[PDB]
């Protein structure tokens, strides 16, 4: 077809990669995966209810936390419905349905339709209490009145999807290596290391003889491995590495058709920088010109209970109780394996059990499959996301193991998917094959719910733009999604892509008008405005969805308010009009636009923050973190949400006291001067003690607590919040000025500080109840979000931070010391940031 080719060229520009391309291939897994994904796509497309799809009610089935019940002291809730300008308030009970409110309106007042929130593409529809809508719980928590317009359901037809119509030792022959341009050092020796890998576990290892490092090195050696051919498990990687460690590539021993991989290969390798997820990719380097290569030959068809004593059961259960980062001894492993059936009765044993498996042994693998045949206990246990994530990490390369984890995820309501989506997407980096239960799960869930669908797009596009290690895989997944999201969403994405391309192609030019002499002259700010007013007319779209808040529709630029800012990089501060006529307020949408940092680390941190909040919700705690919108759109560059009416703490202090200097009161004065009534001031000191506590606990746990005061902000209403997670010591930032607000000054105790301490201990202990989930997220963040990181140095930090294996009193004691360490030195580390600027 011809109207199918434009559509392909449409999808390419949306994706940022061309998936028809075959240049960087050596087999057909990608195309196979495109074809494979058609079925599950169409199964979810055919399945979804058009009506509920179009309106995508954002809904939860969690209870309602104690601290928001207190905010409805009457079993009634106030909703204000509108038409033109005609408006009326309605008495509603928490258990009322959108259905039970329409008649409480129509049958109540006379002189079909649906309830949409003012200023947003967000709806209150479907069989759910209003108390179980997200927009409603937000309105409460924020002290805000719910505002909603009456109009029609949006036409489901707008979401019309288009139309698609042996038994011997294994051997590998190393021929040679070659880099087109060598020049680097008195080149040491150089050898090839050939690992047979499965789940980061090396099953077998052979090397070449060491030879000189010229731009062409040879061997012609057959390397014989200890493993037999029938002993190879599906998912096994031939991992080929160059030491002198500087280069790596991987080739799957068994392909997507269960065939043993045979023949000649010329593989272009990746270079080490200066363990992590990049080291695992089946993708070869596409830069065939600059990159080191390797040549190999494969010639080698398809794939082929009683009662336990006492003290051992104790020993077993000790092992099972232990944390995800506890090393399993050989003794521990054999214990688990020999008593696998007894181990199978404990859903928590599963990770340690399945890493007690000798995957290099064919007959044991089989027994493990038989073992997985009786899933009774597993299938009936409640969802433990933490358990499930463990099975999706770099430690498991077996499809059956991985699929039981994907099975458990099915029972997640879309609310919870949204919480774990970034990390489920990053977990895709740990899949041996392009077609996985996990990729498909993301596809299904993505297409069933537009909100998920939106974030799935941006999450995948972030990686496609930024890493060659996985861009091909993620691109095939993105195409699968785009092919079913609907014409309405395709148009939307198109809008959004245009805008950010246009806007980034302005962040560049501007940044190069001063390298390090930051000082934004009139010559700079004016030409910025000239670009935008040029853009406004005949290129920049009418209205785009705010990528980090798909609810809000942004309209026209407000040129006058735009700027560059004092930052040592040069980020755009941009403000937009809302395109929604019904918008309750006339306030602008602020979006920062920043080039120079890798925003994916900021994404991973923010999202764990949201997780940490919901974790706290489970125990009726609120720490009012402000996890600001932040989306990585392209390479080294992406957008951020402007929190209105906030300023940096350092910037606050550089208004009263010189520049090099500090002083302790200025925070509290700044608060009193920006809050009108001394009550709204107390509402601010309130907000401060909670927000402060939260960022202290969260921050310590992730070991990102030692920050320079310019990296912490506060709102005009008391809410403190860390920013720019782009990358002697202090556990967190609790400085004298903070303490001054709490009614304390250098080594004493006060009622707000007594509270502060109290809420901290309570917040900490709460996270400790979810220890395992946090350990796995952290290490996955480390493996999929950074350069190189250590498998017991970087990660093993969080065991200690969360104080694994302690009684609550120890834990509380431990944390309260950290509070006191910050006390000792108060301004010490702070001052140092400026001292280093000369040492």
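Numbering follows the first chain given and starts at 1. Throughout, rigid core stands for the largest set of C-alpha atoms superposing within 1.5 Å between the two forms.
Once the rigid core is lined up, would you tell me whether 626 to 634 or 114 to 122 has the higher RMS CA deviation in 8 other deposited structures of this protein?
When 626 to 634 and 114 to 122 are compared in 8 other deposited structures of this protein, 626 to 634 lies farther out.
Quick one: core-superposed, which stretch strays further from the shown model in 8 other deposited structures of this protein, 775 to 783 or 791 to 799? Go by RMS C-alpha distance.
Of 791 to 799 and 775 to 783, the stretch deviating more in 8 other deposited structures of this protein is 791 to 799.
Indicate yes or no: is residue 274 absent from the model in at least a third of the other PDB entries of this protein that were compared?
That residue is missing from at least a third of the other compared entries.
Is residue 165 a gap in at least one third of the other compared entries?
Affirmative; at least a third of those entries omit residue 165.
Indicate whether the chain is continuous between residue 661 and residue 662 or, if not, how many deposited residues are absent from the coordinates: none, 1 to 3, 4 to 9, or 10 or more.
Gap between residue 661 and residue 662: 1 to 3 residues without coordinates.
Does the entry skip any residues of the deposited sequence between residue 727 and residue 728, and if so, is it 1 to 3, 4 to 9, or 10 or more, or none at all?
The entry has 10 or more unmodelled residues between residue 727 and residue 728.
For the stretches 419 to 427 and 228 to 236, which has the higher mean C-alpha B-factor as given in the deposited record?
Per the PDB entry, the higher value belongs to 228 to 236.
Taking only the CA atoms, which stretch has the higher mean B-factor in the record, 395 to 403 or 509 to 517?
Of 509 to 517 and 395 to 403, the stretch with the higher C-alpha B-factor average is 509 to 517.
Choose from 326, 467, 436, 745 the residue with the greatest Cα B-factor as stated in the PDB record.
Checking the PDB record, the top C-alpha B-factor among 326, 467, 436, 745 is at 745.
Take the CA temperature factors straight from the PDB entry and tell me which of 180, 274, 386, 629 peaks.
It is 180.
By the recorded C-alpha temperature factor, relative to the other modelled residues in its chain, which third is residue 803 in?
Within its chain, residue 803 is a middle-third residue by C-alpha B-factor, going by the deposited values.
Could you look up the Cα B-factor of residue 146 in the entry and say which third of the chain it sits in: lowest, middle or highest?
Highest third.
Relative to the other modelled residues of the same chain, rank the CA B-factor of residue 594 and answer lowest, middle or highest third.
It belongs to the middle third of the chain when residues are ordered by C-alpha B-factor.
Mind checking which third residue 455 falls in for C-alpha B-factor across the chain?
Tercile = lowest for this residue's CA B-factor.
Of the three thirds of its chain by CA temperature factor, lowest, middle or highest, which one includes residue 645?
Tercile = middle for this residue's CA B-factor.
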